[PDB]
Amino acid sequence: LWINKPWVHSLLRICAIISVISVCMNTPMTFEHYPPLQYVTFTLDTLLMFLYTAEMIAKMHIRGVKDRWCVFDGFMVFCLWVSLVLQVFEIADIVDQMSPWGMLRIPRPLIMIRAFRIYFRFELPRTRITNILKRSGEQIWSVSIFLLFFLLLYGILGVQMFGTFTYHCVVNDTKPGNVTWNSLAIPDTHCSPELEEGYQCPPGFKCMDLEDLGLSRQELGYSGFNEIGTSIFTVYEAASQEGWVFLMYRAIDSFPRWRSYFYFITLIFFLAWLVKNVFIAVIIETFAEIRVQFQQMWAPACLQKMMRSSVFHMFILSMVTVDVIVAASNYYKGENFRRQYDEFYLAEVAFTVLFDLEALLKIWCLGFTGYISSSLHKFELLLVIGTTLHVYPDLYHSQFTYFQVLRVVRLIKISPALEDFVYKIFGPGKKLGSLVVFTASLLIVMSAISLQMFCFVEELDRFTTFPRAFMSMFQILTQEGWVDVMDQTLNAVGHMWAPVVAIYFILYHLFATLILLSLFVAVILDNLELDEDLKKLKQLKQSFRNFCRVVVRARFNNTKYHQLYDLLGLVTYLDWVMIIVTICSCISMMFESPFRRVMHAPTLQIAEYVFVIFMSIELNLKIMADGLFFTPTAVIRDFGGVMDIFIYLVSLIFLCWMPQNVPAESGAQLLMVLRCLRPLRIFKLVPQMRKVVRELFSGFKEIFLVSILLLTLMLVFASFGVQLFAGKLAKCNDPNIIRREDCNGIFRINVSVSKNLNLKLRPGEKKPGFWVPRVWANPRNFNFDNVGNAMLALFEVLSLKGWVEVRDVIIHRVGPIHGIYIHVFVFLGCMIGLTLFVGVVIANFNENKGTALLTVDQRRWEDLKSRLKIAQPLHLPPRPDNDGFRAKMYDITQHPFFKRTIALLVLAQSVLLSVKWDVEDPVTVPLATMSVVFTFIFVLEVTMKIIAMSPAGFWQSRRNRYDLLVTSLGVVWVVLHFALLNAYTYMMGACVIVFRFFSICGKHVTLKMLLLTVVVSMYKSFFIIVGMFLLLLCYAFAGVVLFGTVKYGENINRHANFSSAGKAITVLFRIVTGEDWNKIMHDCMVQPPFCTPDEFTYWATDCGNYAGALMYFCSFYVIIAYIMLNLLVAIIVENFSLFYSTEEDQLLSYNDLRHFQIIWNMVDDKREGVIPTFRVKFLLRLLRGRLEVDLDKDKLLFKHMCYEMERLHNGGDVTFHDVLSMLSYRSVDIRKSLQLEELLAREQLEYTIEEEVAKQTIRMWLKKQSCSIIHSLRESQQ
Amino acid sequence: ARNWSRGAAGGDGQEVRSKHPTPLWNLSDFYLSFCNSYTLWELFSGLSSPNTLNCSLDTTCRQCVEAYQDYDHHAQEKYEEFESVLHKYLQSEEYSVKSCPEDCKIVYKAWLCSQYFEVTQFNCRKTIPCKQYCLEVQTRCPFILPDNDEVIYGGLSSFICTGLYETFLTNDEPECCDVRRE
Ligand SMILES: *[C@@H]1O[C@H](CO)[C@@H](O[C@@H]2O[C@H](CO)[C@@H](O[C@@H]3O[C@H](CO)[C@@H](O)[C@H](O)[C@@H]3O)[C@H](O)[C@H]2NC(C)=O)[C@H](O)[C@H]1NC(C)=O
Ligand SMILES: *[C@@H]1O[C@H](CO)[C@@H](O[C@@H]2O[C@H](CO)[C@@H](O)[C@H](O)[C@H]2NC(C)=O)[C@H](O)[C@H]1NC(C)=O
Ligand SMILES: *[C@@H]1O[C@H](CO)[C@@H](O)[C@H](O)[C@H]1NC(C)=O
Ligand SMILES: *[C@@H]1O[C@H](CO)[C@@H](O)[C@H](O)[C@H]1NC(C)=O
């Protein structure tokens, strides 16, 4: 049974991995590095191929079309044969290794799939699996259309608001045909050619479009707004949060300020934050569907004391902490190292001997067979063996050092709370283990495909060998410089192939960033919930001073005015005054500067007095009314009362001092920093922001435990990094010097003009540069010489900003194998570790609103119950019959093709914004003329509706009201355009086309639900966004006083600095998106001799503050990026399951609701919205389809439905919502959909209806299809 | 007598603008043509590759005057490349509160001259160890970013004079003169 034996089946899956490893070594560069690879890969491919062809013939010829795996195997043996036929030519004189024929090796790596073969009956039936997969596929397709709408919207806007970024400042000596690196400014910069419309170059310089000076598109670069094709590409790269601030600064220099500030900030808020959270919500609802489907589918005797005692456990734990701090403490110190037999090695051998003795005592006292069965003891054996190897003289400080630093893992037994949290969040290893394995297998297959696609270019590096390709694909996955990886390929592969590689990188980046990262979020959230049976069990089992008091507690002041009275009644009159004087004080502080302080300017000091004069009266009144802390109504209730009296004290102390000079590192400088806390009292005064702060701090214990895990990860990689890298990672400034004995004298250094704008040199020309001393130095942003420097470098790497600079510098200056350190830390910390905060914040948010305790069935029911409350009957009037003309116009305007041709015409008009609508280019005249023709077509379509139905009925629909308004603006633009022919009429033409382009979100049903999801999420998140802005003000005011005079540096420049509160706010928004915050921090850390100190005045010196920058930046990035922004994810995840809906035979769907609306709107003709009970028996006969109550067979359901509505109002009449809520309760499995409180009330009502209908059917004798499926279940149970 | 200041002879001293007019004489004070703080006295007292002191005053080894004029010329050519880079640095009016590009090009000129002539200076009232001009440049000049191509410069500027805790200003004190306005 050659085929059938299980012993060959394991071999035939393991050897698939070897067939991937061989094709990862077929490359011209790895063959010229290692010639024997070309011979061993051929024989290793040949004898492998025999095994796969041997099963392929035997399974068809002896044991044997429709089986997908049989045709897959057949295609894969053909891939091996054509690979061998190519290789036996390429090794001969036939063809070389740099030929493009190697592209016939790109389908081979897909044999990675055979190695697994785990695709049959994984706990669930096929049909049940395909129901999950199709349901998630339609959700993903819906969000892809939604994304494409946004990408095209910002595309047509970018074309119209911005154009070509080609007006660089140039030294005038440049003639048209000689543009070179020496003709540019050194801090390379754009201008506006129009005066006052942007930046303009200083004397001795001028600006002109470098493309007209003979530069080509690949020399300028691909990023610009010249057409919708390039504009959609720049919109995508900007929406990825990768170099978006550089596009913003280029736009600020070339064009007006306001349009750049509006466009790029709103692009980030929508397309980066709010839209990506919808892809996260779709994958979370996919995990919710899975639980639905899983839930629905069903001497030696001292061993007794010495091993157990708290003394022995605490002694080993303190010896482990002592060993770890001793091991990490070996900082640089100097250039003297003697590591064959030295200090820090004797300690390590002594502690290694102690842990050997500990392990052997446990093994003796417990017995080896009883010891080895524990998972902790298996791990401690691995460390006891690995550190016994590490402390051998030839292996000390080698790659065995991981077994040394992993000793800190044992320390987790310190508190049961951290153990329980670890076991909770990582959960059953099977969920996270399969996802990290899938992530690795995907990345390995994709790097093998990119390798065989690009390795022969010979003008492109980074794809020449498998490790280079792997680093390139991993860099694209991690979101860092991914666009630079793509551009390096685009400018090397050539213009004929640039579109093909562009869509390849875009498709990989889409999947790797939208699906893979959201799967980690969904897995960690699914672990943080209870199991559905455990929450079911929990639910089942749980069942004159009185004048001052009157002054303090002052009284407050249809529906439109009631909402205003509610607002006015929000706080006491005194707290409204305190909100007002706090806000005017922050507005005064907005005008402060290092060159304009309140201490020297009475105009700003007026607000400083008013704040203290009002707040002293406030605190005195509240103290005289209710006391300090002696009663539950007193003023010092909690931290809010403590914060306000502290703010009052620092404010009063500053106002009575007003120090006329202030040194840069002084108590007066600290008091001026503490004065910037005033915006914080607005959180206390406004009760919605008190709620936001208390709901945020509900998670503090969980957030703290995640911080302890991340600090533990940073500490082991820092300890390893100090032991491996101290004194290395340092070299000469001169690229041509390889030894420290040669780092003397001076050399010519080449200055950075720009990393973009890739010009070629003329054959004899030098780059711009000057003469400089050569020295042996660390990099200025990370040095790896002590634990503090190592942990600071790892904290910066953890945020994924500059991590590529750290990677390349380790590879270059230490060695290639040390790449593993930085890649593993980025996977553990950035991919897994920071996702623990995302999970904890969203889980605690759902616990605050109580939905964490509900079953997925109950959550769906609650989201249906609100969706049916939001629902209304249709505004559409019935068709007229008094004349034939309005009757045929009603038919015509309702045809199912007419709706689609009108939707297509909106896209057809939107395409006229493909290129800038200026006034000088004659192509503007056809485009504007065509928009007039479209405008008349839409005037006619509005007329067809106005003659199909009454104008009074037409105007009830919001869509009709909006499309009428846009069409009125259209015909107004048409007459104005022909009257004036000016640039403002072309601008108004572009505006009305953009206004009409938004109409398609009212016509496509899934696009409407996704737009509503985002629009309501902006309303829901308002106080969270205001809370973040109050923190931006506190940090901006602190940054102006702390860094306002800092000398320009790596990133601190004219575009980014703290010279005013406005410039501080835009610099903080850069840091919120994360764009190079650490380069800026290292500029703000500057001290002598890089800056000029002053003895007693902070506005005189241009130095920074070292400890100030470390506290100011790290705190800002943690509280905003790791914590606050994750509430905006929770808000989108809340609203997506509410507003989005799909077809599902468990609930009342939007198809059922539309069918019910159409049938309601033929019984309620007069549109009163409330029907007499006499017509309910008629209404529930017309409901054919999935709502069908059959008159026959289902007579008891018919009588129930009639009697329920007749009982509800004791006859009379019935609203739309009462019939609709009867339909929902009569079409769900109430025994799992309802909560245990409302379930008893329903069942009691329905039992009363059973008794009454039984009484009526007795009395009338004595005198002489989801609804019916659910009725059958109920009748069967009762 | 005075520092070079302004004028070809009014300061009771001149510059060696020509090779041949100094075969003999008696008092050494002729200043250079670009590195104006250095006279022939401290130059011949220092180190010259072709020949040394005394054979100068005795014609026979005058070839050293042309060697100093050649060094003075190379020091000027390297200075031009710096001040054209500084001219093309468009943020020279705003990068610092106390610094000015005038101060920068003074202290960088003094640094280039102390690189080409490592000789001591004296009798100018104001003296300073020549290694201080590295710290003047790193304090008073712009942050110019080097071209990351082969070497990745991880945030360091083009001009720096110290690394890995090496000793500096170690009392070697090559006495230079304080040739700066502030
Ligand atoms: C091209 O670059 C050069 C370098 O600046 C610019 O030439 C400069 O032109 C201005 C205006 O003429 C000169 O200022 C004044 O010059 C006049 C005589 O030309 C003189 O009477 C004044 O005292 C004053 O110096 C400036 O000196 C001159 N630059 C040089 C080399 O001296 C030229 O104009 C640039 N092109 C542009 C865009 O202007
Ligand atoms: C500064 O840039 C110059 C280019 O002007 C570099 O000189 C090149 O060095 C490479 C060495 O890899 C040679 O192959 C090129 O031929 C050189 N170019 C020319 C025009 O000769 C130089 O290496 C750079 N130096 C520094 C210090 O950055
Ligand atoms: C300008 O370009 C021409 C070639 O088109 C070249 O011959 C000439 O030398 C160039 N002039 C300068 C100053 O570079
Ligand atoms: C005159 O000659 C003597 C010879 O020793 C020399 O030392 C002295 O410097 C000369 N005079 C002047 C003014 O230099």
# chains A, B, ... in the order shown; residues from 1 in each chain; ligands from 1

$ residues_near_ligand --ligand "ligand 3" --cutoff "10 Å" --atoms "only C-alpha atoms and all ligand atoms" --output "list in words"
residues 173, 174, 175, 176, 177, 178, 179, 180 and 762 of chain A

$ write_last_selection --atoms "N, CA, C and O atoms" --output "PDB file, in the first residue's frame"
ATOM      1  N   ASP A 173      22.630  80.827 -11.059  1.00  0.00           N
ATOM      2  CA  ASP A 173      23.692  80.505 -12.050  1.00  0.00           C
ATOM      3  C   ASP A 173      23.259  79.305 -12.896  1.00  0.00           C
ATOM      4  O   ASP A 173      23.994  78.955 -13.838  1.00  0.00           O
ATOM      5  N   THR A 174      22.109  78.708 -12.574  1.00  0.00           N
ATOM      6  CA  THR A 174      21.675  77.488 -13.300  1.00  0.00           C
ATOM      7  C   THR A 174      21.058  77.844 -14.652  1.00  0.00           C
ATOM      8  O   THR A 174      20.111  78.656 -14.672  1.00  0.00           O
ATOM      9  N   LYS A 175      21.587  77.279 -15.742  1.00  0.00           N
ATOM     10  CA  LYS A 175      20.970  77.453 -17.073  1.00  0.00           C
ATOM     11  C   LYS A 175      19.989  76.305 -17.239  1.00  0.00           C
ATOM     12  O   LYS A 175      20.148  75.293 -16.569  1.00  0.00           O
ATOM     13  N   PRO A 176      18.995  76.406 -18.120  1.00  0.00           N
ATOM     14  CA  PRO A 176      17.940  75.406 -18.289  1.00  0.00           C
ATOM     15  C   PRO A 176      18.460  73.969 -18.445  1.00  0.00           C
ATOM     16  O   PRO A 176      17.826  73.076 -17.926  1.00  0.00           O
ATOM     17  N   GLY A 177      19.469  73.762 -19.297  1.00  0.00           N
ATOM     18  CA  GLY A 177      19.939  72.392 -19.585  1.00  0.00           C
ATOM     19  C   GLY A 177      20.962  71.917 -18.577  1.00  0.00           C
ATOM     20  O   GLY A 177      21.546  70.836 -18.793  1.00  0.00           O
ATOM     21  N   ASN A 178      21.293  72.692 -17.553  1.00  0.00           N
ATOM     22  CA  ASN A 178      22.241  72.213 -16.531  1.00  0.00           C
ATOM     23  C   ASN A 178      21.616  72.338 -15.146  1.00  0.00           C
ATOM     24  O   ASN A 178      21.932  73.299 -14.470  1.00  0.00           O
ATOM     25  N   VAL A 179      20.725  71.437 -14.775  1.00  0.00           N
ATOM     26  CA  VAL A 179      20.173  71.365 -13.390  1.00  0.00           C
ATOM     27  C   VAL A 179      20.897  70.231 -12.667  1.00  0.00           C
ATOM     28  O   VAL A 179      20.851  69.091 -13.171  1.00  0.00           O
ATOM     29  N   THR A 180      21.526  70.532 -11.530  1.00  0.00           N
ATOM     30  CA  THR A 180      22.342  69.515 -10.845  1.00  0.00           C
ATOM     31  C   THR A 180      22.280  69.730  -9.325  1.00  0.00           C
ATOM     32  O   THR A 180      21.777  70.755  -8.868  1.00  0.00           O
ATOM     33  N   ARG A 762      26.611  64.638 -13.057  1.00  0.00           N
ATOM     34  CA  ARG A 762      27.453  64.818 -14.255  1.00  0.00           C
ATOM     35  C   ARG A 762      28.811  64.111 -14.022  1.00  0.00           C
ATOM     36  O   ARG A 762      29.252  64.038 -12.873  1.00  0.00           O
TER      37      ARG A 762
END

$ closest_atom_pairs --of "chain A" --to "ligand 2" --cutoff "7 Å" --atoms "only C-alpha atoms and all ligand atoms" --output "CSV"
residue,atom,partner,partner_atom_place_in_ligand_line,distance
A:734,CA,ligand 2,27 (C),5.3
A:735,CA,ligand 2,27 (C),5.3
A:736,CA,ligand 2,27 (C),7.0
A:748,CA,ligand 2,27 (C),6.0
A:749,CA,ligand 2,27 (C),4.7
A:750,CA,ligand 2,28 (O),5.0
A:763,CA,ligand 2,20 (C),6.7
A:764,CA,ligand 2,20 (C),6.1
A:765,CA,ligand 2,20 (C),6.1
A:766,CA,ligand 2,5 (O),4.1
A:767,CA,ligand 2,5 (O),4.9

$ interface_residues --of "chain B" --to "chain A" --cutoff "6 Å" --atoms "only C-alpha atoms" --output "short mmCIF file (atom, residue, chain, number, x, y, z; two decimals) with N, CA, C and O atoms, in the first residue's frame"
data_model
loop_
_atom_site.label_atom_id
_atom_site.label_comp_id
_atom_site.auth_asym_id
_atom_site.auth_seq_id
_atom_site.Cartn_x
_atom_site.Cartn_y
_atom_site.Cartn_z
N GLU B 81 34.57 76.41 -0.20
CA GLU B 81 33.56 75.33 -0.18
C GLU B 81 32.63 75.40 1.04
O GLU B 81 31.43 75.17 0.92
N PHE B 82 33.17 75.74 2.21
CA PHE B 82 32.36 75.94 3.41
C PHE B 82 31.42 77.14 3.27
O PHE B 82 30.22 77.00 3.49
N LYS B 88 24.20 78.85 0.78
CA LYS B 88 23.08 77.99 0.35
C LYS B 88 22.30 77.34 1.50
O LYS B 88 21.36 76.59 1.23
N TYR B 89 22.62 77.63 2.76
CA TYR B 89 21.80 77.30 3.93
C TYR B 89 20.83 78.44 4.25
O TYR B 89 21.09 79.30 5.09
N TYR B 95 18.21 80.16 12.77
CA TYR B 95 18.46 78.85 13.41
C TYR B 95 18.83 78.89 14.91
O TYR B 95 18.77 77.86 15.58
N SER B 96 19.25 80.04 15.44
CA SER B 96 19.77 80.22 16.80
C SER B 96 19.49 81.63 17.33
O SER B 96 19.48 82.60 16.57
N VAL B 97 19.26 81.75 18.65
CA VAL B 97 18.99 83.04 19.33
C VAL B 97 20.28 83.86 19.51
O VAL B 97 20.26 85.07 19.27
N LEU B 135 34.97 73.62 19.68
CA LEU B 135 33.81 73.86 20.54
C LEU B 135 33.10 75.18 20.18
O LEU B 135 31.87 75.23 20.23
N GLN B 138 31.10 74.06 16.92
CA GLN B 138 29.96 73.17 17.28
C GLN B 138 28.87 73.95 18.03
O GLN B 138 27.76 73.41 18.15
N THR B 139 29.18 75.16 18.52
CA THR B 139 28.21 75.91 19.36
C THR B 139 27.54 77.02 18.55
O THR B 139 26.32 77.21 18.71
N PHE B 143 23.17 73.39 12.43
CA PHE B 143 23.09 71.94 12.25
C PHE B 143 23.01 71.62 10.75
O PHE B 143 21.94 71.73 10.14
N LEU B 145 23.21 68.58 8.11
CA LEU B 145 23.01 67.12 8.11
C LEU B 145 23.90 66.46 7.04
O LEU B 145 23.80 66.83 5.87
N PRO B 146 24.75 65.47 7.38
CA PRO B 146 25.56 64.74 6.41
C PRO B 146 24.72 63.80 5.54
O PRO B 146 23.63 63.37 5.92
N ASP B 147 25.21 63.48 4.34
CA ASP B 147 24.50 62.64 3.36
C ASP B 147 24.55 61.15 3.74
O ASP B 147 25.58 60.49 3.58
N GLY B 154 23.35 58.41 12.36
CA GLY B 154 22.11 58.35 13.16
C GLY B 154 21.85 59.62 13.96
O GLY B 154 21.94 59.62 15.18
N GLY B 155 21.58 60.73 13.26
CA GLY B 155 21.18 62.02 13.82
C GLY B 155 22.31 63.00 14.16
O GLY B 155 22.02 64.10 14.61
N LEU B 156 23.58 62.63 13.98
CA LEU B 156 24.72 63.54 14.22
C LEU B 156 24.94 64.52 13.05
O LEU B 156 24.70 64.18 11.89
N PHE B 159 29.85 68.67 11.44
CA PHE B 159 31.02 69.09 12.24
C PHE B 159 30.87 68.68 13.72
O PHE B 159 30.09 69.28 14.45
N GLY B 163 34.14 61.98 20.63
CA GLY B 163 33.38 60.71 20.67
C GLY B 163 33.98 59.68 21.64
O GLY B 163 35.14 59.79 22.02
#

$ residues_around --residues "stretch 647-659 of chain A" --least-positions-apart "5" --cutoff "10 Å" --atoms "only C-alpha atoms" --output "number ranges by chain"
A: 598-600, 605, 608-609, 611-613, 615-616, 619, 641-642, 668-669, 671-672, 674-678, 680-681

$ atom_distance --atom1 "atom CA of residue A:1064" --atom2 "atom CA of residue A:1036"
5.0 Å

$ residues_near_ligand --ligand "ligand 4" --cutoff "6 Å" --atoms "only C-alpha atoms and all ligand atoms" --output "list in words"
residues 26, 27 and 28 of chain B

$ write_last_selection --atoms "N, CA, C and O atoms" --output "PDB file, in the first residue's frame"
ATOM      1  N   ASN B  26      66.064  91.511   9.244  1.00  0.00           N
ATOM      2  CA  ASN B  26      66.468  91.398  10.675  1.00  0.00           C
ATOM      3  C   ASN B  26      65.291  91.176  11.644  1.00  0.00           C
ATOM      4  O   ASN B  26      65.526  90.518  12.677  1.00  0.00           O
ATOM      5  N   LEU B  27      64.092  91.703  11.365  1.00  0.00           N
ATOM      6  CA  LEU B  27      62.963  91.556  12.326  1.00  0.00           C
ATOM      7  C   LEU B  27      61.812  90.749  11.719  1.00  0.00           C
ATOM      8  O   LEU B  27      61.251  91.202  10.729  1.00  0.00           O
ATOM      9  N   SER B  28      61.455  89.613  12.319  1.00  0.00           N
ATOM     10  CA  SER B  28      60.395  88.740  11.751  1.00  0.00           C
ATOM     11  C   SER B  28      59.015  89.031  12.329  1.00  0.00           C
ATOM     12  O   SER B  28      58.741  88.704  13.472  1.00  0.00           O
TER      13      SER B  28
END

$ closest_atom_pairs --of "stretch 71-141 of chain B" --to "stretch 45-60 of chain B" --cutoff "12 Å" --atoms "only C-alpha atoms" --output "CSV"
residue,atom,partner,partner_atom,distance
B:71,CA,B:48,CA,10.7
B:116,CA,B:47,CA,11.1
B:117,CA,B:46,CA,8.5
B:118,CA,B:46,CA,8.0
B:119,CA,B:46,CA,5.5
B:120,CA,B:46,CA,7.8
B:121,CA,B:46,CA,10.3

$ atom_distance --atom1 "atom CA of residue A:568" --atom2 "atom CA of residue A:555"
10.5 Å

$ residues_around --residues "residue A:539" --least-positions-apart "6" --cutoff "9 Å" --atoms "only C-alpha atoms" --output "number ranges by chain"
A: 853-854, 1235-1236

$ residues_around --residues "residue A:873" --least-positions-apart "6" --cutoff "8 Å" --atoms "only C-alpha atoms" --output "JSON, numbers by chain"
{"A": [1157, 1160, 1161, 1169, 1216]}

$ atom_distance --atom1 "atom CA of residue A:842" --atom2 "atom CA of residue A:1126"
7.1 Å

$ select_by_dssp --residues "stretch 5-123 of chain B" --states "helix (DSSP H, G or I)" --output "ChimeraX atom specification"
/B:40-45,63-87,101-116

$ residues_around --residues "residue A:427" --least-positions-apart "4" --cutoff "10 Å" --atoms "only C-alpha atoms" --output "list in words"
residues 421, 422, 423, 431, 432, 523, 524, 526, 527 and 528 of chain A

$ residues_around --residues "residue B:107" --least-positions-apart "2" --cutoff "7 Å" --atoms "only C-alpha atoms" --output "ChimeraX atom specification"
/B:103-105,109-111,133,136-137,180

$ closest_residue --among "B:16, B:84, B:23, B:36" --to "ligand 1" --atoms "only C-alpha atoms and all ligand atoms"
B:84

$ select_by_dssp --residues "stretch 27-175 of chain B" --states "strand (DSSP E)" --output "list in words"
residues 127, 128, 129 and 175 of chain B

$ write_last_selection --atoms "C-alpha atoms" --output "PDB file, in the first residue's frame"
ATOM      1  CA  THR B 127      45.241  83.750  24.188  1.00  0.00           C
ATOM      2  CA  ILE B 128      43.213  80.466  24.118  1.00  0.00           C
ATOM      3  CA  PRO B 129      44.041  76.709  23.582  1.00  0.00           C
ATOM      4  CA  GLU B 175      48.299  78.661  22.602  1.00  0.00           C
TER       5      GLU B 175
END

$ closest_residue --among "A:358, A:695, A:857, A:420" --to "residue A:1232" --atoms "only C-alpha atoms"
A:857

$ decode --residues "stretch 645-697 of chain A" --atoms "C-alpha atoms" --output "compact mmCIF listing (two decimals), in the first residue's frame"
# COMPACT_ATOMS: atom_id res chain seq x y z
CA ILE A 645 -6.96 73.87 45.03
CA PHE A 646 -3.45 72.98 43.68
CA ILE A 647 -4.14 74.97 40.43
CA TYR A 648 -5.37 77.92 42.57
CA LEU A 649 -2.23 77.81 44.80
CA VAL A 650 0.35 77.72 41.91
CA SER A 651 -1.67 80.47 40.11
CA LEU A 652 -1.75 82.75 43.22
CA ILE A 653 1.96 82.09 44.06
CA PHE A 654 2.95 83.00 40.45
CA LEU A 655 0.74 86.16 40.39
CA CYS A 656 2.18 87.53 43.71
CA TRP A 657 5.82 86.77 42.54
CA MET A 658 6.05 87.68 38.76
CA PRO A 659 9.85 86.90 38.55
CA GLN A 660 11.42 89.48 36.17
CA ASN A 661 14.16 86.98 35.09
CA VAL A 662 13.99 83.12 35.12
CA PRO A 663 16.95 80.65 34.66
CA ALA A 664 16.40 77.66 32.29
CA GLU A 665 16.67 74.91 35.02
CA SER A 666 15.05 76.68 38.05
CA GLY A 667 12.12 76.61 40.54
CA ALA A 668 10.65 79.68 38.74
CA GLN A 669 10.80 77.76 35.39
CA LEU A 670 9.05 74.77 37.10
CA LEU A 671 6.31 77.11 38.50
CA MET A 672 5.75 78.51 34.95
CA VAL A 673 5.39 74.86 33.72
CA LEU A 674 2.94 74.02 36.58
CA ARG A 675 0.98 77.18 35.53
CA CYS A 676 0.09 75.44 32.20
CA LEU A 677 -2.33 73.01 33.95
CA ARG A 678 -5.33 75.37 33.84
CA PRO A 679 -7.22 73.56 30.97
CA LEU A 680 -7.50 70.52 33.34
CA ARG A 681 -10.23 72.11 35.57
CA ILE A 682 -12.66 72.05 32.55
CA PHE A 683 -12.73 68.20 33.01
CA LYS A 684 -13.97 68.77 36.63
CA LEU A 685 -16.51 71.51 35.69
CA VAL A 686 -18.13 69.67 32.67
CA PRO A 687 -19.96 66.46 33.88
CA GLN A 688 -19.65 64.62 30.50
CA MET A 689 -15.83 64.96 30.78
CA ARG A 690 -15.96 63.75 34.44
CA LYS A 691 -17.75 60.66 32.96
CA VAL A 692 -15.03 60.23 30.24
CA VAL A 693 -12.23 60.42 32.91
CA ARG A 694 -13.99 57.91 35.24
CA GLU A 695 -14.76 55.46 32.40
CA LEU A 696 -11.09 55.76 31.25
CA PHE A 697 -9.67 55.07 34.77
